[PDB]
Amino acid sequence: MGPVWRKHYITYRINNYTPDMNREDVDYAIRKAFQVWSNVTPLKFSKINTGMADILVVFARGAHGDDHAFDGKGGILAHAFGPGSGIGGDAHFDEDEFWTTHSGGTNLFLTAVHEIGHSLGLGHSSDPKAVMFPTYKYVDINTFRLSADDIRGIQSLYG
């Protein structure tokens, strides 16, 4: 566990929006995903619309400028870079997935919670109950909650 952000106020910017979803729903999903982590750390997240943010949120398909191409529908859903300058922190979502607010397709909020974990410096957990487990699993709004392992992991980096 190398890089962590050495400041409490972190910015994000949505570079572009998936056509799979309502704009407001993309905004809300991402916002709620950041809140999951601010809930258990001293971190504060603010959305900006211009300039350089710490965490750029991108929807893209195939080769998209960073040596780690996406693979079409299925397989890899998203990836994110650990804390650092430039691409550090950034979270990319595979546009070849079909992003949703619900159980259909791939759930943006759940995926974003996982990716933002990486953006903050977390790796993968071996606990199949943890949001940082390496394989996506759909959990509804009644069931999602950060596992104790996720909480232990993030507080070992920030609190």
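We number the residues from 1 along the sequence you see. Superpose the two forms; the largest set of C-alphas matching within 1.5 Å is the rigid core.
- The stretch that moves more in 6 other deposited structures of this protein, judged by CA deviation after a rigid core superposition and choosing between 138 to 146 and 19 to 27, is 138 to 146.
- Per-stretch averaging of Cα B factors for 113 to 121 and 39 to 47 places 39 to 47 on top.
- Look at the mean CA B-factor for 59 to 67 and for 94 to 102 in the entry; the higher one is 59 to 67.
- Of the candidates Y17, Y136, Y9, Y12, it is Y136 whose Cα B-factor is highest according to the PDB record.
- Per-chain ranking of the deposited C-alpha B factor places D127 in the highest third.
- Ranked against the other modelled residues of its chain, the C-alpha B-factor of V26 as given in the entry falls in the lowest third.
- When all modelled residues of the chain are sorted by CA temperature factor, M52 is found within the highest third.
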